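Ligands are counted one by one from 1 in listed order, and the atoms in each one are counted from 1 as well. For the numbers below, each heavy atom of this structure counts, side chains included, while hydrogens, waters and symmetry mates do not. Chain letters run A, B, ... following the sequence lines, proteins first and then strands; every chain starts at 1.
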Amino acid sequence: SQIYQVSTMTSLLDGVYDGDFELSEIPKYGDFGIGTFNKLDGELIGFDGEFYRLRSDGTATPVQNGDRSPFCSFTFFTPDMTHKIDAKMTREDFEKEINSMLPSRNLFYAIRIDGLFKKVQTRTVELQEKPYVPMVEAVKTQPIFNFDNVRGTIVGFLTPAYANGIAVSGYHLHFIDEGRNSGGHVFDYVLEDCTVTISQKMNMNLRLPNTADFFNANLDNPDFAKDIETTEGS
Amino acid sequence: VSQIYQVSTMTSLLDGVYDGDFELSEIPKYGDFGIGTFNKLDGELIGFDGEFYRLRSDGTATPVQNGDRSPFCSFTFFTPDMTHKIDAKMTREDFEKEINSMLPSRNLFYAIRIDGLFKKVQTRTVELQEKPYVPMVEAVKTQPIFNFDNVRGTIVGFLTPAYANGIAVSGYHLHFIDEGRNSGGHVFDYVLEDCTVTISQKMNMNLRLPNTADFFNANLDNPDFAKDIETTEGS
Ligand SMILES: [Zn+2]
Ligand SMILES: [Zn+2]
């Protein structure tokens, strides 16, 4: 089984926010995934075949037909491992407990947390206007949301270090509430109680966009790893 | 048809994981063109037009067979998307900068083939290792190095974007085999006398991870991997 990877994180860093991947094709490649949309117009999250665009106006809109993306990741989720979080557990505690239970730090995993969270902190990237700026600049004015005692789902991927720059090394997680209105890209969280489900994948298929923007992008940033830490963290 | 099929990672090779589970009987499922190595680092892999060889330090080149295994290799179905002629004497540096300027993008994957006569080719052939394995930086210190003069044959390999360094080898990664199919190896340097160039552009890379305990348990978090790849791959 595979992670289907649409373009690279370093292209997003360089301000290439317009891709040619059409979300009408999501069912060909997975029923689970995360990412963003063209122009950075919102956060993508989906699982069980149901995908949403989360925007900074506090809405979550089902994805449709000609929605496009410069960057996203999909898989067909299979429940290979399950784990229960009984009581309060912080992100640092959780992420450390899970990665100690992985068969290998050298494989790809999809991960889903379903339950109640004491806290979740998210961002939602917002629509950008041309000419685009690099992502480190673009996220400085992102909306940040703090949720308390909220029911919902955190979903995303664990990525081995050797793929950092194609994807985001380590945990990359998005959140949507049970009411399907709010969430975004996750910075931090505390679990009250949840069920964990993990899917192990032995392949990553990277698909590069057929766009002039991607062809002409400058992807030779020696500081990309620190720039990813900056854009993806609080 | 539009992918590089990538078997495991260069950083796993760096860590001394020389035994994979990829069986070369399955090469025809994934390409007719490629390079890499074999289990135990027993020789260099090269193939094109569906014909693959194991190049060893003893100056032989043996056709690959059924149960040959590899920890690291790259394949594609080669399509002649671009052609170019090198009319006269041209150094590696000349050539690599001439081709690189002609690529549609430095952000895509390419297969590349040079067929003709080379004034010089310098190669290495990694040699069979005995367990317990040492890291690749140590393993290559005693590699056989060959120098060929005015030789006819084929240089073949891949151009890899910088974002995939560590999965594969960023930039040019090229192997060589002579027309007599006996000699060659992993290319360190070369001077073209005259050759035909053919290039194939790919929009996908599919990375396949081995189902081996060795790979599962490997330490792939070497902050210095890029320099270590420089070391093992130049002269
Ligand atoms: Zn994200
Ligand atoms: Zn090589």
Listed protein N/O/S atoms, distance to the Zn ion (ligand 2) under 2.8 Å:
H173(B) NE2, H175(B) NE2, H186(B) ND1
Under 6.0 Å from the six-membered ring centre of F32(A) and within 45° of its axis: does the NZ or CZ of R112(A) meet both?
no
Minimum heavy-atom separation for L192(B) and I114(B), please, with both atom names.
CD2-CD1, 3.9 Å
Per the salt bridge (charged side-chain N to carboxylate O under 4.0 Å, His left out) rule, what does the pair list look like for residues 5-17 of chain A, sequence neighbours excluded?
none
Which residues satisfy the ring pair (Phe, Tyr, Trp, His ring centres under 6.0 Å) test with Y190(B), sequence neighbours excluded?
none
Quiz: residues 157-171 of chain A side-chain donor-acceptor pairs under 3.5 angstrom, not counting sequence neighbours:
residue	atom	partner	partner atom	Å
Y162(A)	OH	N106(A)	O	2.8
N164(A)	OD1	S169(A)	N	2.9
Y171(A)	OH	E95(A)	O	2.9
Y171(A)	OH	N99(A)	N	3.3

Below 6.0 angstrom between ring centroids: does that apply to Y30(B) and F75(B)?
no
